[PDB]
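K.L.:
One structure is given below, represented as structure tokens, and several questions about it will come after.
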Amino acid sequence: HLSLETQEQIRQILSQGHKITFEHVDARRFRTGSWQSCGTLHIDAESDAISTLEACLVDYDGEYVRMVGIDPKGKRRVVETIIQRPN
Ligand code: NI
């Protein structure tokens, strides 16, 4: 049940011609910033982003999940936004 805001953030990234990678981390590895990707890297379509995020939320329920907007030129990380925290 993605919020309006989460979806707007997805659109904001894609509208820049940037690509989305979702990442997850458990509380222990959150301590050291040791995130890992979930799903396909460098998503370029909202449908794919929503599908992937919903999958990541289920698959890593209990972890942090965040969205990373990436400039395709040089794979520069532009923005990171936490979507879910541990429960
Ligand atoms: Ni839901």
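Each chain of the structure tokens is named A, B, ... in the order shown, its residues numbered from 1; ligands are numbered from 1 in display order.
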Name the residues of chain A that fall into strand (DSSP E) according to DSSP on the backbone, using the chain letters and numbers of this document, as a PyMOL selection string.
P.N.:
chain A and resi 19-25+36-43+64-71+76-84
K.L.:
Excluding residue 25 (chain A) and its own-chain neighbours fewer than 3 positions away, which residues fall within 12 Å of it when counting only C-alpha atoms? Please give them as a ChimeraX atom specification.
P.N.:
/A:22,28-38,56-57,59-67,82-86
K.L.:
Using only C-alpha atoms and all ligand atoms, determine which residues fall within 12 Å of ligand 1, then list them as a list in words.
P.N.:
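Written in the requested form, the residues are residues 1, 2, 3, 50, 51, 53, 54, 55, 56, 57, 58 and 61 of chain A.
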K.L.:
Out of A:70, A:49, A:43, A:78, which residue has the shortest atom-to-atom distance to residue 8 (chain A) when counting only C-alpha atoms?
P.N.:
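Closest candidate: A:49.
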K.L.:
Do you know which residues are at most 8 Å from residue 42 (chain A) counting only C-alpha atoms, after dropping those on the same chain fewer than 6 positions away, and could you put them as a ChimeraX atom specification?
P.N.:
/A:19-21,70
K.L.:
Return as a PyMOL selection string the full set of residues in chain A whose backbone-based DSSP assignment is alpha helix (DSSP H).
P.N.:
chain A and resi 4-15+27-30+46-59
K.L.:
Can I get the selected residues back with N, CA and C atoms, as a tab-separated table (two decimals), in the first residue's frame?
P.N.:
chain	number	residue	atom	x	y	z
A	4	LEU	N	0.93	7.98	-1.41
A	4	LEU	CA	1.00	8.99	-2.45
A	4	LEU	C	2.41	9.58	-2.53
A	5	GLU	N	2.97	9.89	-1.37
A	5	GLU	CA	4.27	10.50	-1.30
A	5	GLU	C	5.36	9.60	-1.90
A	6	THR	N	5.34	8.32	-1.54
A	6	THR	CA	6.33	7.39	-2.10
A	6	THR	C	6.27	7.34	-3.61
A	7	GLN	N	5.05	7.32	-4.13
A	7	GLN	CA	4.89	7.32	-5.58
A	7	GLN	C	5.32	8.59	-6.26
A	8	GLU	N	5.09	9.72	-5.61
A	8	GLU	CA	5.56	11.01	-6.11
A	8	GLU	C	7.08	11.03	-6.16
A	9	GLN	N	7.71	10.47	-5.13
A	9	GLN	CA	9.19	10.40	-5.07
A	9	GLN	C	9.74	9.54	-6.22
A	10	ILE	N	9.05	8.43	-6.49
A	10	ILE	CA	9.41	7.60	-7.66
A	10	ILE	C	9.35	8.42	-8.94
A	11	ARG	N	8.23	9.12	-9.13
A	11	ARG	CA	8.04	9.94	-10.32
A	11	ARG	C	9.06	11.04	-10.45
A	12	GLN	N	9.39	11.68	-9.33
A	12	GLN	CA	10.41	12.72	-9.32
A	12	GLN	C	11.74	12.23	-9.87
A	13	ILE	N	12.15	11.03	-9.45
A	13	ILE	CA	13.40	10.47	-9.92
A	13	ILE	C	13.35	10.16	-11.42
A	14	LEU	N	12.30	9.47	-11.83
A	14	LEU	CA	12.18	9.05	-13.22
A	14	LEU	C	12.06	10.26	-14.15
A	15	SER	N	11.38	11.30	-13.67
A	15	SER	CA	11.18	12.51	-14.48
A	15	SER	C	12.48	13.23	-14.81
A	27	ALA	N	18.67	-4.15	10.77
A	27	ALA	CA	19.09	-3.19	11.77
A	27	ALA	C	20.56	-3.28	12.11
A	28	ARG	N	21.08	-4.50	12.15
A	28	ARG	CA	22.47	-4.69	12.49
A	28	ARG	C	23.40	-4.04	11.44
A	29	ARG	N	23.11	-4.27	10.17
A	29	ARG	CA	23.96	-3.71	9.13
A	29	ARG	C	23.63	-2.25	8.85
A	30	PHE	N	22.45	-1.78	9.25
A	30	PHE	CA	22.15	-0.36	9.17
A	30	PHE	C	23.21	0.44	9.97
A	46	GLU	N	7.84	3.42	-13.86
A	46	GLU	CA	7.10	3.45	-12.59
A	46	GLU	C	6.47	2.10	-12.24
A	47	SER	N	5.90	1.43	-13.23
A	47	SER	CA	5.28	0.14	-12.99
A	47	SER	C	6.31	-0.85	-12.40
A	48	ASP	N	7.48	-0.89	-13.02
A	48	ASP	CA	8.57	-1.77	-12.58
A	48	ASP	C	9.01	-1.36	-11.17
A	49	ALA	N	9.06	-0.06	-10.90
A	49	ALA	CA	9.48	0.44	-9.59
A	49	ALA	C	8.49	0.03	-8.52
A	50	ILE	N	7.21	0.19	-8.80
A	50	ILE	CA	6.19	-0.16	-7.82
A	50	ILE	C	6.22	-1.66	-7.54
A	51	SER	N	6.26	-2.47	-8.60
A	51	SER	CA	6.32	-3.91	-8.49
A	51	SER	C	7.53	-4.33	-7.64
A	52	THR	N	8.67	-3.74	-7.95
A	52	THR	CA	9.91	-4.10	-7.27
A	52	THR	C	9.88	-3.68	-5.82
A	53	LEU	N	9.36	-2.49	-5.54
A	53	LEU	CA	9.29	-2.03	-4.17
A	53	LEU	C	8.36	-2.89	-3.38
A	54	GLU	N	7.16	-3.17	-3.92
A	54	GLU	CA	6.27	-4.03	-3.18
A	54	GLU	C	6.91	-5.39	-2.88
A	55	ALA	N	7.65	-5.92	-3.82
A	55	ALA	CA	8.35	-7.19	-3.61
A	55	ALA	C	9.40	-7.08	-2.51
A	56	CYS	N	10.15	-5.99	-2.54
A	56	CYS	CA	11.20	-5.76	-1.56
A	56	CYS	C	10.63	-5.59	-0.16
A	57	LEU	N	9.49	-4.89	-0.04
A	57	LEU	CA	8.82	-4.72	1.25
A	57	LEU	C	8.38	-6.03	1.86
A	58	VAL	N	7.87	-6.94	1.02
A	58	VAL	CA	7.46	-8.27	1.47
A	58	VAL	C	8.68	-9.13	1.80
A	59	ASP	N	9.63	-9.14	0.86
A	59	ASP	CA	10.77	-10.03	0.95
A	59	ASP	C	11.67	-9.66	2.13
K.L.:
Rank nothing, just name the residue among A:24, A:81, A:17, A:76 nearest to residue 45 (chain A), using only C-alpha atoms.
P.N.:
A:17
